[PDB]
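Scroll down for the structure; my scribbles are underneath it.
Neighbour counts are summed over all protein chains in view; Cβ atoms, including those assigned to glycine, are modelled from backbone coordinates with ideal geometry. We did not get these values from a lab; they are worked out from the coordinates using the rules stated.
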DNA sequence: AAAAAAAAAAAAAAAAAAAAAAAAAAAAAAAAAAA
């Protein structure tokens, strides 16, 4: 089942760049639900979410791709467990933001 | 607080109009021959 889920992550990393809006949105929700667990290649899928910052649209109904990407990365890398103070809230946020740019390419 | 209804968007198939290309017919011009 884990091998088939990894094949699924490999296919959803390609389906992120489709033309339908709801396909991209449910693909992003699937990758967020995978990375809420500790699936190994799921992080790779999250990297291909980062190139969804460019696809813009002035439609103004539902949630767009970038407006959903803000919420996805906010839940992933901009939160901490709520038993923390204000100080280590910012420390965990800054640790996640620093670790987001350690093993990074130019793109 | 949840469910139902209405509106908008998406996908597939079909139809209409315009543009381009092809074919046919008619007319005009030139040259040659005969009385």
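P(r) for region A:24-79: what percent of alpha-carbon pairs falls in each 10 Å bin, starting at zero?
In order of increasing distance, the bins hold 23, 56, 19, 2 percent.
Sticking with the crude label model, points 7 Å out along Cα→Cβ, report the distance from residue A:43 to residue A:61 in nm, one decimal please.
About 4.1 nm, to one decimal.
If we count other beta carbons within 10 Å of each Cβ, what is the order of A:32, A:53, fewest first?
Fewest-to-most ranking of A:32, A:53: A:53, A:32.
Grab the Cα-Cα distance for residue A:95 and residue A:15, subtract it from 0.36 nm times how many residues apart they are, and report the gain in nm with one decimal.
Result: 25.8 nm gained on full extension.
Between region A:85-107 and region A:1-21, what is the separation of their alpha carbon centroids in Å?
After rounding, the separation between the Cα centres reads 26 Å.
Counting other beta carbons within 10 Å of each Cβ, put A:58, A:63 in order, fewest first.
A:58, A:63
Can you give the relative contact order of chain A as a percent, counting alpha carbon pairs under 8 Å and 6+ residues apart?
20 percent
Going by how many other beta carbons lie within 10 Å of each one, how would you line up A:102, A:9, fewest first?
A:102, A:9
Looking at chain A, what % of the alpha carbon pairs are farther apart than 21 Å?
When every Cα pair of chain A is considered, 41 percent fall beyond 21 Å.
Hey, rough spin-label estimate for residue A:23 and residue A:84, points 7 angstrom out along Cα→Cβ, what's it come to in nanometres?
A separation of 3.7 nm, rounded to one decimal place.
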